[PDB]
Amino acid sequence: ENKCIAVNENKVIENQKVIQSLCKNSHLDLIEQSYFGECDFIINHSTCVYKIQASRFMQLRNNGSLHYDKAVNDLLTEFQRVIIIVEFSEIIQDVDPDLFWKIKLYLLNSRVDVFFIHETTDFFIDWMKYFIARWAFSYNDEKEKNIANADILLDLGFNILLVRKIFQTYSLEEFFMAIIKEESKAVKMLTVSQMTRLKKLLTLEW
């Protein structure tokens, strides 16, 4: 029963000190993944962790949005739980204490957890171990034996743990059938957006 999480291929070097510490746990597999999203880590089939800087939160993009606007909204498409880790310099608490509540109200959402951390590695490592212990899983079971069927879920954009989580309970056909019958166990694996992507696939007429 080895718990498994995924790290974003683009953020490995930034997180290399975090990863070095986490991988001391002989009961954790860290899978490097290429996936839609700016999140640093994927804790389970529908939980990601995304580290942002408080100091950049109010910088404007060329298209008129704030720095992290589209990244956060994109993650909310794929993850039922989006955990936002906000690094800030302690000086902010004395020089600009309004930023804390502004950020938390701006991001306020039942599917978004926001935690402020200092810029040190220890803080992020400790939150990560907390997230692993609370939300990560092993994926020992496998009711789908055909790797091409996993490619199908991967091409729909499902991250690899959502695929493993699905293939724990269903073969691909059973999953299709359970979504077509709106059985709650299958439906609650997905976001609204993943649910609509899938129904499009099952509903497109030749």
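Don't overthink the numbering: it's just position in the shown sequence, from 1.
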Once average C-alpha B-factors are taken from the entry for 59-67 and 159-167, the winner is 59-67
Check the entry's C-alpha temperature factors for 28-36 and 174-182, then say which stretch has the higher mean. 28-36
Residue with maximal Cα B-factor (values as given in the PDB entry) among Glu87, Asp94, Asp113, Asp74: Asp94
Please place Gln80 in the lowest, middle or highest third of its chain by C-alpha B factor as given in the entry. lowest
Against its chain's modelled residues, does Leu153's Cα B factor rank lowest, middle or highest third? middle
Looking at the C-alpha B-factor of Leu204, is it in the lowest, middle or highest third of its chain? middle
Chain thirds by Cα B factor, record data; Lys104 belongs to the lowest
